[PDB]
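Trainee: The amino acid sequence is not available; the structure is as follows:
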RNA sequence: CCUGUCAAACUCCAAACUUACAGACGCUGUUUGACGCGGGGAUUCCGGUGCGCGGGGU
RNA sequence: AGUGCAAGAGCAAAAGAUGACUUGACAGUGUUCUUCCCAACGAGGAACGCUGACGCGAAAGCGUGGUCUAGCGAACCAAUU
RNA sequence: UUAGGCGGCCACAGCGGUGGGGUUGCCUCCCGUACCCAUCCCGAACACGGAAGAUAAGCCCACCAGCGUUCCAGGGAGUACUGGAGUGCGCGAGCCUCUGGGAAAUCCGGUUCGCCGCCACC
Ligand SMILES: [Cl-]
Ligand SMILES: [Cl-]
Ligand SMILES: [Mg+2]
Ligand SMILES: [Mg+2]
Ligand SMILES: [Mg+2]
Ligand SMILES: [Mg+2]
Ligand SMILES: [Mg+2]
Ligand SMILES: [Mg+2]
Ligand SMILES: [Mg+2]
Ligand SMILES: [Mg+2]
Ligand code: NA
Ligand code: NA
Ligand code: NA
Ligand code: NA
Ligand code: NA
Ligand code: NA
Ligand SMILES: [Sr+2]
Ligand SMILES: [Sr+2]
Ligand SMILES: [Sr+2]
Ligand SMILES: [Sr+2]
Ligand SMILES: [Sr+2]
Ligand SMILES: [Sr+2]
Ligand SMILES: [Sr+2]
Ligand SMILES: [Sr+2]
């Protein structure tokens, strides 16, 4: 910009997307990165391996294509986050992927978060990812007990779209049951 | 000291003052002579003094050939004549002299010189048409105080 | 010279041009080479660890196995054989 | 196909240029070799420029040279049409001379020594100090210019 | 277009810098939150040589606790024209500084894919004066 | 803006050239065995000069 | 800018600063390069491994000292385990 | 890719600026703190829960070259410098002929306002 002396950063550092310093440490393991990226409305879960011209995705999972199985509930929450992770690891079991690491990128390592719910979900799918069981959320915040004890504090409804009144975190249980089944169209 | 010791270019480029200390200042006073308020383009004539041989002229030889050269233009055209003379070279090359024996041979700092390649203009004057034969004479005196044989070249002037 | 250290007279080879400054890309730093493969030896000024002796910059060796994550490269220094321990960051695939 | 002929001695000439000359089958002064025009062979004759004399010969001249100066790979014998006919892959001297010029086969391939050992110039050469352009004898000659030398060196 | 362009109060910063402690009490009284100490850099000869030492005290007010403070803070100072920044900010004073801004300043203060706010969407000095003039006081 | 010059310990530039490896051409080796390896015996560690590049010195 | 100190070199969601935690400046044993271009030579040094015990982090991972190149010493003898 | 995720190359991608684009779609700004987590003070951020509105941001899409960067033409220039040879010139520093290479500056004219990979997706 100022002259030939000026150093313009790397593209995905300029864009403030990829953190190369932390990303390097992830690649040092050899195992594929379980890319866990959040969104306001949805949540994504990718399985990425390192390639010649760029990163190869072997198994993705968006919370949009979760509705395709039996979901009418919102897509950017804790019950959804586990199930997006569970789907991802299940697809990956069929791709030959035995083990993987967790990449959160620019997402913060906060105890009991959506990324740590995606990580928990993928491990439960049969994958071997390095974790720490106590940093993960307890079976209940993963189920959706915290959202139910917020809909109990009513006066005015939580959800706008015609789904239900007091909210059903049982839909979590109803999905994990049919995802552990081998018949399911992945 | 005889210029025969420093006239040739054989020593490396020794100009960095952040490494060389105790350097004697320039003997030269004015690099821009005449009427320095007027432009060089306001003049029909541009006669320069061209150096034929690749030399290394000292600040003393520069001051001396600038002095008796400009002093002819102050004599013939007056103290405020219609001219402007210029010395486009600057003394950067720092000189040495070993002054014991050959033990600790790196000499102490004595003076400064300017590296002039062959074909270059040491001096360049810009005058009027009638004052031209006075400047070709200010340069005939100026080449006698420097080391090489010289060409007096007219760069602008088909008025003959 | 004035000194006999490793980084003697290495201003030019161990310094990048202003545009190639900053942190280096992880793609080459995690590159996997096989045994028998040909490599080019060039030290990356951004990367400090996993280097070799500056006297070997510009060598074209042959990989003969690895030591952890770093590579063991076989060169011929004049006439004497040498087995250089170098990380991928400081290697480049030949041809 | 050019005709390289060594005109300057081995003394005082570089080891890397003396080895190139030897790689081009030339070891003594006045010794000649028939060299193809490749990229590899182009850079060899250039490094040897100042100690040699070269150019493409005429079908006429090469024939006169081969007759008087060519020898077998091993042997003292004359190389005439009858010799050529029985060892080589050609009918007469001309079919060898043509194939050599068109760059199809070499002297080695035909059982002949890669060296045409010539006699010192009759009338003397033009000078081992200056090139062809300055009226000397070193470097790339004219087709007619090289013929004068090889024929003077019968 | 006007709704996603009309400004609002982001952070009201109140600061009291002494250099030699007592100023923490009167801010916990007028605002409505816990205050924080301010340290400094570089050695100064006016008995301010120490680096890691409590010199000042400040507070940042977000949302409701910002507007409720300004209802009593603005009818005190005589607002001028040459008291404004190029980005559309003012400071009056005890120091009180308000950071007014457009409905999309999360883009510059977030983590994931940050970007700076363009010169075409940045708050204008004059457009900032017009916003405050519209809520209980005068300009000039 | 206009205008005048520099850099062995400066660099947005930048050769010629030098250099690692590989292919090919040449050359060399497979009874003159190269390349390599092991062993025995040395002499030698006052150098000089021409050309090219130098650093010091009138 | 800073990064202890010469100079050259490295460095920015860091190798810099602040905060908290921590003591890997840990034990043992090697490959390699260097010291000594090529090309034999000690001490010292550096990169890189492995076995053991720790520190930190969610995790990859990083830590065999302070970002790299100076701060070092054979035998005998003296003390110590 | 009618707005997504991960990247490789790491300014041909910078800087600056014009224009256009979103009913249950995507991405956002945006709304809100019971919880998980959070600020040495602030739900600003960080984390979490959610859609009243929104295309003005960002981002995605079309375009401008004024600055910076890449490459190409022609001009400078086969000039500066140079590998090899010379009983070629100069008192000398130095120059020159022949052979093989070959710049940088700057000027005008063009190019460049990113290319490609894996995945997901009316
Ligand atoms: Cl994300
Ligand atoms: Cl090494
Ligand atoms: Mg150098
Ligand atoms: Mg014979
Ligand atoms: Mg005769
Ligand atoms: Mg003669
Ligand atoms: Mg003793
Ligand atoms: Mg003791
Ligand atoms: Mg628009
Ligand atoms: Mg002479
Ligand atoms: Na003495
Ligand atoms: Na770099
Ligand atoms: Na404090
Ligand atoms: Na000797
Ligand atoms: Na040692
Ligand atoms: Na917009
Ligand atoms: Sr000299
Ligand atoms: Sr003279
Ligand atoms: Sr050299
Ligand atoms: Sr270190
Ligand atoms: Sr809010
Ligand atoms: Sr003489
Ligand atoms: Sr003389
Ligand atoms: Sr050419």
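Mentor: Yep, that arrived. Numbering: from 1, shown residues only, chains lettered A, B, ... in the order given. Ligands and ions are numbered 1, 2, ... in the order given.

Trainee: Which residues does the lengthiest strand in chain B contact?
Mentor: As assigned by DSSP state E, the longest strand anywhere in chain B is strand B:108-116. Residues outside strand B:108-116 that contact it (C-beta atoms under 8 Å, 6 or more residues apart in numbering or on different chains) are B:1, B:6, B:9, B:20-24, B:26, B:51, B:54-60, B:62, B:89-99, B:122. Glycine gets a C-beta too; all of them are placed from N, C-alpha and C.

Trainee: Could you rerun that using 7 Å?
Mentor: B:6, B:9, B:20, B:22-24, B:26, B:51, B:55-59, B:62, B:89-97, B:99, B:122 (C-beta atoms under 7 Å, 6 or more residues apart in numbering or on different chains).

Trainee: And for stretch D:23-31?
Mentor: D:4, D:6-7, D:9, D:33, D:35, D:44, D:114-115, D:117-118, D:120, D:153.

Trainee: quick one on the thing from earlier: counting neighbours, which of the contacts of strand B:108-116 end up buried?
Mentor: B:6, B:51, B:55-59, B:62, B:89, B:91, B:93-96, B:122 (16 or more other C-beta atoms under 10 Å in any protein chain shown).

Trainee: Let me know the closest of the residues you listed to residue E:12.
Mentor: Distances from residue E:12 to the buried ones among the contacts of strand B:108-116, taken as C-beta to C-beta, are shortest for residue B:94 (63.8 Å).

Trainee: wait, doesn't the closest one sit right on residue B:14?
Mentor: Yes - counting by C-beta atoms under 7 Å, residue B:94 touches residue B:14, with 5.1 Å between them.

Trainee: Inside strands: which ones of the contacts of stretch D:23-31?
Mentor: D:4, D:33, D:35, D:117.

Trainee: Give the bridge partners for the third one, please.
Mentor: In this entry, residue D:35 is beta-bridged to residue D:2, by DSSP bridges.

Trainee: and what of the last one?
Mentor: In this structure, residue D:117 has the following beta-bridge partners (DSSP bridges): residue D:31.

Trainee: And it, how far from residue D:4?
Mentor: Taking C-beta to C-beta, to the nearest Å as the measure, residue D:117 falls 13 Å from residue D:4.

Trainee: contacting residues for residue B:17?
Mentor: residue B:23 are the contacts of residue B:17 under C-beta under 7 Å, 6+ apart.

Trainee: how about the closest residue to ligand 1 within chain D, secondary structure?
Mentor: Closest to ligand 1 within chain D is residue D:39: 57.1 Å, counting by C-beta to the ion. For residue D:39, the assignment made with DSSP: H, G, I helix; E, B strand; the rest coil gives coil.

Trainee: does residue A:86 belong to a helix or a strand, and which?
Mentor: helix A:78-93 (DSSP states H and E).

Trainee: OK, now which residue of chain D is nearest to chain E?
Mentor: residue D:39 (54.2 Å; C-beta to the nearest C-beta).

Trainee: That residue: neighbour count?
Mentor: 6 (other C-beta atoms under 10 Å in any protein chain shown).

Trainee: most remote residue from chain E's center?
Mentor: residue E:45 (29.7 Å; C-alpha atoms, centre = their mean).

Trainee: For that residue, give me its contacts.
Mentor: Taking C-beta under 7 Å, 6+ apart, one finds nothing in contact with residue E:45.

Trainee: Can you give me the distance of it to residue E:18?
Mentor: From residue E:45 to residue E:18 the distance is 17 Å (C-beta to C-beta).

Trainee: Then residue B:95?
Mentor: Taking C-beta to C-beta, one finds residue B:95 at 62 Å from residue E:18.

Trainee: what do you get for residue B:151?
Mentor: Distance from residue B:151 to residue E:18, counting by C-beta to C-beta: 78 Å.

Trainee: cool, residue B:149 as well?
Mentor: 80 Å.

Trainee: For the chain, which segments count as helices?
Mentor: This is for chain A. Taking DSSP state H to define them, one finds helices in chain A at A:11-14, A:20-27, A:67-70, A:78-93, A:115-123, A:139-143, A:145-148, A:170-179.

Trainee: actually chain D
Mentor: According to DSSP H, the helices that chain D contains are D:15-23, D:42-47, D:59-69, D:81-87, D:93-101, D:143-152.

Trainee: now those helices in TSV, with distance to RNA strand F?
Mentor: Shown next, in TSV, are these (distance: least, C-beta to the nearest atom of the strand, whole Å):
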stretch	distance to RNA strand F
helix D:15-23	4
helix D:42-47	7
helix D:59-69	18
helix D:81-87	18
helix D:93-101	14
helix D:143-152	21
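
Trainee: So which of those is nearest residue E:97?
Mentor: helix D:42-47 (76.4 Å).

Trainee: now what about the closest one, what contacts it?
Mentor: D:2, D:4, D:17, D:20, D:24, D:35, D:54.

Trainee: For residue 1, the count of nearby residues, please.
Mentor: In the absence of a named chain, this looks at chain A. The burial count for residue A:1: 5, using other C-beta under 10 Å.

Trainee: looking at chain E here, not the other one
Mentor: 5.

Trainee: mind checking how far the residue of chain D closest to ligand 1 is from residue E:4?
Mentor: 69 Å.
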